[PDB]
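Reproduced below: work.pdb, with PDB, C-alpha atoms (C1' of nucleotides).
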```pdb
ATOM      1  CA  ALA A   1     102.565  21.260 101.944
ATOM      2  CA  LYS A   2     104.611  19.416 104.567
ATOM      3  CA  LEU A   3     102.754  20.615 107.647
ATOM      4  CA  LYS A   4     103.840  18.258 110.413
ATOM      5  CA  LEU A   5     102.537  17.447 113.873
ATOM      6  CA  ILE A   6     104.477  18.140 117.064
ATOM      7  CA  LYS A   7     104.246  16.293 120.377
ATOM      8  CA  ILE A   8     104.504  17.731 123.877
ATOM      9  CA  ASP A   9     108.136  16.646 124.210
ATOM     10  CA  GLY A  10     109.101  19.117 121.503
ATOM     11  CA  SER A  11     110.181  16.268 119.241
ATOM     12  CA  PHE A  12     108.223  16.100 116.002
ATOM     13  CA  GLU A  13     106.020  13.319 114.747
ATOM     14  CA  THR A  14     107.163  11.147 111.861
ATOM     15  CA  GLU A  15     104.036  11.466 109.661
ATOM     16  CA  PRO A  16     103.604  14.934 108.135
ATOM     17  CA  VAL A  17     100.193  16.109 106.958
ATOM     18  CA  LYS A  18      99.564  17.278 103.403
ATOM     19  CA  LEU A  19      97.412  20.318 102.658
ATOM     20  CA  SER A  20      94.672  21.190 100.211
ATOM     21  CA  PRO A  21      96.033  23.640  97.612
ATOM     22  CA  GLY A  22      93.036  25.960  97.928
ATOM     23  CA  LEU A  23      94.517  27.316 101.149
ATOM     24  CA  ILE A  24      97.778  28.491  99.568
ATOM     25  CA  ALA A  25      97.084  31.133  96.927
ATOM     26  CA  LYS A  26      99.335  31.785  93.954
ATOM     27  CA  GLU A  27      98.310  35.468  94.053
ATOM     28  CA  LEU A  28      99.053  37.639  97.079
ATOM     29  CA  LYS A  29      97.306  40.876  98.018
ATOM     30  CA  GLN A  30      99.490  43.366  99.856
ATOM     31  CA  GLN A  31      97.239  46.419  99.911
ATOM     32  CA  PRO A  32      94.263  44.808 101.729
ATOM     33  CA  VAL A  33      96.695  43.469 104.339
ATOM     34  CA  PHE A  34      97.830  46.998 105.108
ATOM     35  CA  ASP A  35      94.283  48.332 105.098
ATOM     36  CA  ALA A  36      93.195  45.583 107.499
ATOM     37  CA  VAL A  37      96.034  46.225 109.921
ATOM     38  CA  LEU A  38      95.163  49.916 110.006
ATOM     39  CA  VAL A  39      91.452  49.297 110.463
ATOM     40  CA  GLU A  40      92.231  46.996 113.374
ATOM     41  CA  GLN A  41      94.760  49.360 114.933
ATOM     42  CA  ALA A  42      92.016  51.907 114.725
ATOM     43  CA  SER A  43      88.765  50.700 116.352
ATOM     44  CA  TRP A  44      91.028  50.059 119.364
ATOM     45  CA  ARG A  45      90.686  53.790 120.266
ATOM     46  CA  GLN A  46      88.360  54.985 123.105
ATOM     47  CA  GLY A  47      88.539  58.582 121.911
ATOM     48  CA  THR A  48      87.391  59.962 125.285
ATOM     49  CA  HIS A  49      89.383  63.236 125.029
ATOM     50  CA  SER A  50      87.489  66.548 125.326
ATOM     51  CA  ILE A  51      88.226  70.268 125.515
ATOM     52  CA  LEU A  52      86.250  73.424 126.259
TER      53      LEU A  52
ATOM     54  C1'   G B   1      81.859  39.363 120.572
ATOM     55  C1'   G B   2      87.958  41.026 124.873
ATOM     56  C1'   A B   3      84.289  48.709 125.943
ATOM     57  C1'   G B   4      87.810  44.100 119.291
ATOM     58  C1'   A B   5      88.936  42.940 113.487
ATOM     59  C1'   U B   6      84.875  40.109 112.208
ATOM     60  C1'   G B   7      80.239  36.582 111.466
ATOM     61  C1'   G B   8      75.095  36.804 110.761
ATOM     62  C1'   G B   9      71.724  40.586 108.918
ATOM     63  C1'   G B  10      69.702  42.078 101.340
ATOM     64  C1'   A B  11      65.381  46.083 104.212
ATOM     65  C1'   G B  12      67.424  49.431 101.136
ATOM     66  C1'   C B  13      71.544  52.459  97.626
ATOM     67  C1'   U B  14      73.813  52.977  92.794
ATOM     68  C1'   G B  15      74.328  50.851  87.774
ATOM     69  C1'   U B  16      71.637  47.367  84.157
ATOM     70  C1'   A B  17      66.655  51.756  78.578
ATOM     71  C1'   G B  18      65.579  55.780  77.492
ATOM     72  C1'   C B  19      62.002  59.510  76.077
ATOM     73  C1'   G B  20      57.884  62.385  77.581
ATOM     74  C1'   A B  21      54.572  67.435  81.616
ATOM     75  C1'   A B  22      51.698  62.760  81.940
ATOM     76  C1'   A B  23      48.749  58.204  80.797
ATOM     77  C1'   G B  24      51.999  55.629  77.771
ATOM     78  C1'   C B  25      55.562  53.454  73.996
ATOM     79  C1'   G B  26      60.215  50.897  74.003
ATOM     80  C1'   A B  27      66.255  50.580  71.228
ATOM     81  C1'   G B  28      63.233  53.670  70.295
ATOM     82  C1'   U B  29      60.786  57.980  71.721
ATOM     83  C1'   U B  30      58.644  63.685  72.303
ATOM     84  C1'   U B  31      56.943  67.423  69.001
ATOM     85  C1'   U B  32      54.181  66.532  64.448
ATOM     86  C1'   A B  33      49.013  64.955  59.708
ATOM     87  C1'   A B  34      54.198  63.131  59.021
ATOM     88  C1'   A B  35      56.685  56.801  59.932
ATOM     89  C1'   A B  36      60.304  63.199  57.029
ATOM     90  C1'   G B  37      63.242  67.062  60.022
ATOM     91  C1'   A B  38      65.183  68.323  64.591
ATOM     92  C1'   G B  39      65.765  67.389  70.351
ATOM     93  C1'   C B  40      67.331  63.226  73.409
ATOM     94  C1'   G B  41      69.106  58.206  73.475
ATOM     95  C1'   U B  42      70.873  53.406  70.814
ATOM     96  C1'   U B  43      76.366  50.548  77.898
ATOM     97  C1'   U B  44      80.785  51.324  80.548
ATOM     98  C1'   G B  45      80.236  49.604  86.680
ATOM     99  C1'   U B  46      80.474  49.693  92.116
ATOM    100  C1'   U B  47      82.402  49.985  97.577
ATOM    101  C1'   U B  48      86.005  51.778 100.482
ATOM    102  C1'   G B  49      90.939  54.426 101.601
ATOM    103  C1'   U B  50      93.350  59.162 100.846
ATOM    104  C1'   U B  51      93.615  64.296  99.083
ATOM    105  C1'   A B  52      91.599  69.191  96.886
ATOM    106  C1'   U B  53      87.052  72.102  96.710
ATOM    107  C1'   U B  54      82.109  72.767  98.414
ATOM    108  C1'   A B  55      76.946  72.648 101.724
ATOM    109  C1'   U B  56      74.395  73.025 107.293
ATOM    110  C1'   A B  57      76.158  73.797 111.835
ATOM    111  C1'   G B  58      80.020  80.093 115.271
ATOM    112  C1'   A B  59      82.983  76.920 110.641
ATOM    113  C1'   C B  60      90.194  80.566 109.961
ATOM    114  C1'   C B  61      90.893  83.987 114.372
ATOM    115  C1'   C B  62      89.970  88.690 117.047
ATOM    116  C1'   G B  63      86.947  93.037 116.934
ATOM    117  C1'   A B  64      81.448  96.466 117.685
ATOM    118  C1'   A B  65      77.728 100.370 118.679
ATOM    119  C1'   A B  66      73.579  97.344 119.495
ATOM    120  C1'   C B  67      68.558  93.866 119.846
ATOM    121  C1'   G B  68      65.531  90.956 123.212
ATOM    122  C1'   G B  69      64.355  88.278 128.199
ATOM    123  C1'   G B  70      64.926  87.736 133.575
ATOM    124  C1'   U B  71      66.763  90.222 137.931
ATOM    125  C1'   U B  72      69.489  94.017 141.357
ATOM    126  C1'   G B  73      69.633  99.032 142.753
ATOM    127  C1'   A B  74      66.141 105.858 145.393
ATOM    128  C1'   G B  75      72.157 104.526 151.483
ATOM    129  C1'   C B  76      74.547 110.123 146.094
ATOM    130  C1'   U B  77      70.803 113.047 143.496
ATOM    131  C1'   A B  78      64.948 114.583 141.834
ATOM    132  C1'   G B  79      60.037 114.593 143.813
ATOM    133  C1'   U B  80      56.380 113.270 147.636
ATOM    134  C1'   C B  81      55.189 111.666 152.755
TER     135        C B  81
END
```
Output the file's structure in the form of structure tokens.
Amino acid sequence: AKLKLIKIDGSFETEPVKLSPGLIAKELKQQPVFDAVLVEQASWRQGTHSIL
RNA sequence: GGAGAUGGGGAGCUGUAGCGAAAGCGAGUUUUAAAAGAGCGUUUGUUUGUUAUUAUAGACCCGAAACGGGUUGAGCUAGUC
């Protein structure tokens, strides 16, 4: 695509960088995204609770 | 490795050829003298998520009389001294 470089001033550069098309997929998966976000929101749990 | 997602890690797991008690044979095979007949086979996978049911753990909850083991008690009462 037209990915373009930025300087520290905040003003862009004048020479954008093209991208290999293998990065951008024509087919999107929207169930594995959701599964991944849940599996990462879990695994962040200590689970130290206890009761007699 | 941020008490991380994940990366490495193919050792194993299931499926890919069944049949037979077994050696064995092999899209055939066991029984059988039989290459007939019949039985069984002649491809539809796997790993996770979630839910229902189920197994071993008290396993919906409450409820015994009891069983066993260790200790404490003869300052009432029974006996003896």
Report as JSON lines: every residue of chain A with an atom at most 10 Å from chain B, its closest pair of atoms, and their distance in Å to one decimal, counting all atoms listed in the file, with rows sorted by chain and ascending residue number.
```
{"residue": "A:35", "atom": "CA", "partner": "B:49", "partner_atom": "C1'", "distance": 7.8}
{"residue": "A:36", "atom": "CA", "partner": "B:5", "partner_atom": "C1'", "distance": 7.8}
{"residue": "A:37", "atom": "CA", "partner": "B:5", "partner_atom": "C1'", "distance": 8.6}
{"residue": "A:38", "atom": "CA", "partner": "B:5", "partner_atom": "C1'", "distance": 10.0}
{"residue": "A:39", "atom": "CA", "partner": "B:5", "partner_atom": "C1'", "distance": 7.5}
{"residue": "A:40", "atom": "CA", "partner": "B:5", "partner_atom": "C1'", "distance": 5.2}
{"residue": "A:41", "atom": "CA", "partner": "B:5", "partner_atom": "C1'", "distance": 8.8}
{"residue": "A:42", "atom": "CA", "partner": "B:5", "partner_atom": "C1'", "distance": 9.6}
{"residue": "A:43", "atom": "CA", "partner": "B:4", "partner_atom": "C1'", "distance": 7.3}
{"residue": "A:44", "atom": "CA", "partner": "B:4", "partner_atom": "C1'", "distance": 6.8}
{"residue": "A:45", "atom": "CA", "partner": "B:3", "partner_atom": "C1'", "distance": 9.9}
{"residue": "A:46", "atom": "CA", "partner": "B:3", "partner_atom": "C1'", "distance": 8.0}
```
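Across the model, the gap from atom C1' of residue 44 of chain B to atom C1' of residue 10 of chain B is 25.3 Å.
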Within 12 Å of segment 13-23 of chain B using all atoms listed in the file, minus same-chain residues under 5 positions, as a ChimeraX atom specification: /B:28-31,39-47
Hits of the PyMOL selection byres ((chain A and resi 17) around 7) in this structure, as a list in words: residues 2, 3, 4, 15, 16, 18 and 19 of chain A
d(atom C1' of residue 58 of chain B, atom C1' of residue 71 of chain B) in Å: 28.1 Å
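With atom CA of residue 34 of chain A on one side and atom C1' of residue 48 of chain B on the other, the separation reads 13.6 Å.
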With 6 Å added on each side, what axis-aligned box encloses every listed atom of segment 62-74 of chain B? Give the centre and edge lengths in Å to one decimal, as AutoDock Vina command-line options.
```
--center_x 77.2 --center_y 96.8 --center_z 131.2 --size_x 37.6 --size_y 30.1 --size_z 40.5
```
